[PDB]
Amino acid sequence: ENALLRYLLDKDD
Amino acid sequence: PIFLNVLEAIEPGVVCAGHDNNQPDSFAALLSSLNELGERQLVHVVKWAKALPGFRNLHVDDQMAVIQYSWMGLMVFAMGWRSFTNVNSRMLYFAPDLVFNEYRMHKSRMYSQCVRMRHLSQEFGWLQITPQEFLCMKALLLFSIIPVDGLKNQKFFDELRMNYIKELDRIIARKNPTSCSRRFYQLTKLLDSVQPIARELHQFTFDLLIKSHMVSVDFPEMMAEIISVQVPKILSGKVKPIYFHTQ
Ligand SMILES: C[C@]12CC[C@H]3[C@@H](CCC4=CC(=O)CC[C@@]43C)[C@@H]1CC[C@@H]2O
């Protein structure tokens, strides 16, 4: 579970 | 040309490495700058991938997986293209502020790998690869490396990959079948050629991560995690490239 990468995938920005 | 319109529209712009060119070259500074460049480009690869036709219909864990496995190949291929278009493959154009001449290829301790990457760059010239062929090929590289035990929803991945192959074929289609056939053959061979390069770089970066403390090479957050968890799955044979031709 790569949290930072998942965050980039999940964020719209 | 809906598909090409999209790929053109979503294509990332210029990414700088943040390298200080005013300082003399060193293995540590060059590799630390390459690592930071990888982190920066990964951010752009995620934003791009999210915008690719059909990508979001993949299971979210599979989106994560294809990104984590394919980034090296994708980035090498794009760098080969930049090198071709900006400096006719004379040097490796990693970024506007990180252009490798032969001295840097030597100092980086990646000379042989750099040779292969420059050969790749030259192929874009030798084959007269069009900007549109480049875009379709690059998109296909995202869908060219997966676990041997398959993904969470393999069927959706298979369908997506199929459609990206079809779009490449369309962009090649020449009222003479032999011309399109030779061309598809050439471009699939070129795509295959990325994988052994990416694998040598996978080994190099993993070995470097393992000893990074001993050589003063910094690895940013995402790169360090990916290279310690995901890259070993490639090196151990759990995750393998999808080849067109039998190697
Ligand atoms: C992985 C790596 C950092 C990221 C580099 C990679 C070489 C290929 C490459 C080309 C790019 O244009 C982005 C950075 C990357 C993806 C480097 C090889 C060793 C170093 O640790």
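Side chains included, hydrogens not; waters and symmetry mates left out as well; all remaining heavy atoms used. Counting starts at 1 for both ligands and their atoms, following the listed order. Throughout, protein chains are lettered first and strands after them, A, B, ... in sequence-line order, and every chain is numbered starting at 1.
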Tell me, please, whether B:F204 has B:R116 positioned over its six-membered ring: NZ or CZ under 6.0 Å from the ring centre and within 45 degrees of its axis? no
Examine the proximity of ligand 1 to B:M223 and report which part, side chain or backbone, both or neither, has a heavy atom under 4.0 Å away. side chain
With atoms numbered from 1 as shown, which atoms in ligand 1 lie under 4.0 angstrom from a non-hydrogen atom of B:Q41? 11 (C), 12 (O), 13 (C)
Here the atoms of ligand 1 under 4.0 Å from any heavy atom belonging to B:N35 are 2 (C), 3 (C), 20 (C), 21 (O)
How about B:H119 and B:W126: are their ring centroids closer than 6.0 Å? yes
For ligand 1, which part of B:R82 has a heavy atom less than 4.0 Å away: the side chain, the backbone, both, or neither? side chain
side-chain hydrogen bond (donor to acceptor under 3.5 Å, both in side chains) between B:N35 and B:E39, intermediate numbers included: CA-CA 6 Å; B:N35 284 344; B:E39 190 91 348; over 6 Å; no
Can you tell which of B:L208, B:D207, B:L34, B:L98 gets a heavy atom nearest to atom 5 (C) of ligand 1? B:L34
Please determine if B:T205 has a nitrogen or oxygen closer than 3.5 Å to a nitrogen or oxygen of ligand 1. yes
Could you check atom 9 (C) of ligand 1 against the protein and tell me its nearest heavy-atom contact, residue, atom and distance included? B:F94 CE2, 4.1 Å
Measuring centre to centre across the rings, with the benzene-like ring taken for any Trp, is B:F134 within less than 6.0 Å of B:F77? yes
Please report the C-alpha distance between B:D192 and B:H245 in whole Å, then the side-chain angles of each, then the deciding distance to 0.1 Å, and finally whether the side-chain hydrogen bond (donor to acceptor under 3.5 Å, both in side chains) criterion is met. CA-CA 7 Å; B:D192 283 352; B:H245 297 94; 3.3 Å; yes
